[PDB]
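What follows is one structure encoded as structure tokens, with my remarks underneath.
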Amino acid sequence: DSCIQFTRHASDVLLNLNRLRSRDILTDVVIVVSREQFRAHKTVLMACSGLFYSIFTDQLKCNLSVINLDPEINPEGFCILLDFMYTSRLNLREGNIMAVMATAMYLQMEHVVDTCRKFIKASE
Amino acid sequence: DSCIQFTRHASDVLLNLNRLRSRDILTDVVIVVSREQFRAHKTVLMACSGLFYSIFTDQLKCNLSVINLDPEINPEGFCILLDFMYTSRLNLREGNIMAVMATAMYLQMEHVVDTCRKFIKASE
Amino acid sequence: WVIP
Amino acid sequence: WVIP
Ligand SMILES: O=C1Cc2cc(Nc3ncnc(Cl)c3Cl)ccc2N1
Ligand SMILES: O=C1Cc2cc(Nc3ncnc(Cl)c3Cl)ccc2N1
Ligand SMILES: [Cl-]
Ligand SMILES: [Cl-]
């Protein structure tokens, strides 16, 4: 086509989606990670995660308002990944890298799994 | 913070949100523009438009499944802007620029209004 | 705005 | 990935 493109549009959209999440506006699901609960938008979770994409395209699970993750999932690792979904920024630290990588593998977030593998390899 | 950032994350999110729109997955509103209907996600519309942001934060309108736009709104101009919301690409042409700018003014999409004003000024 |  |  002969379209023009606004460079900052995708980033501006994601910033506003994070503002709606922070104010709990039109969030339609709560993700339960052991004792912890995280409110989010199903569409953003699907857009970022192979696991959530599979869950919310399922004809029965698409209608659930609560999703319980596997008890081995670390709430902090999930929190870091949820923040990444809504911001593009990943708070990867020596103290959380193992939990973040395991959570990213479970959530099927391949780019995160890739940077975790590389950061771990450099420390070996 | 000491976060790392994935450059293509926002664009990849928007691409997947457009794929969900194309397959009519988790769309939660229909925008009526005279004889034409457009299915979308309320969160994406709010993230792109000052008008939709105001509509869907209203305590009664937030729950509507159908929104009727002003009868002066051109369906093609709306279609072009909805495509822009989900892709960052604007199909701006001599034959549609007036309708696109008027629709962008109504929808409160300031960056679109700005490029339309500039493209019109160059042709004068 | 750019030519993509 | 970059340092933002
Ligand atoms: O590493 C990742 C990130 C990811 C996201 C999704 N999401 C979607 N993919 C294709 N079409 C659609 Cl419609 C969506 Cl929502 C699926 C798999 C994966 N894997
Ligand atoms: O030209 C534009 C594009 C636009 C989007 C929105 N959206 C939001 N703004 C602030 N916080 C939130 Cl939560 C959202 Cl969703 C509001 C005004 C405008 N004007
Ligand atoms: Cl990822
Ligand atoms: Cl805009």
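Side chains are part of it too, since the values below use all heavy atoms of this structure and drop only hydrogens, waters and symmetry mates. Order of listing sets the numbers, starting from 1, for every ligand and every atom in it. Lettering follows sequence order; numbering is per chain, from 1.
Residues with a heavy atom under 4.0 Å from ligand 2: A:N16, A:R19, A:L20, A:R23, B:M46, B:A47, B:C48, B:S49, B:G50, B:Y53, B:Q108, B:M109, B:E110.
Transitive grouping of hydrophobic side chains (ILVMFWY, heavy atoms separated by less than 4.5 Å) brings A:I97 and A:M85 into a common cluster. One hydrophobic cluster, built from ILVMFWY side chains closer than 4.5 Å, holds both A:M109 and D:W1. A:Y53 and A:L64 end up in the same hydrophobic cluster when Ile, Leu, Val, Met, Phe, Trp and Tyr side chains are linked at under 4.5 Å.
Put simply, CG on A:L107 and CD1 on A:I73 are 6.5 Å apart, with the number rounded to the nearest 0.5 Å.
Here the side chain of B:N96 pairs a donor or acceptor atom with the backbone of B:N91 at under 3.5 angstrom.
Screening A:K118, A:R117, A:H111 for a side-chain hydrogen bond (donor to acceptor under 3.5 Å, both in side chains) involving A:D114 leaves a single residue, A:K118.
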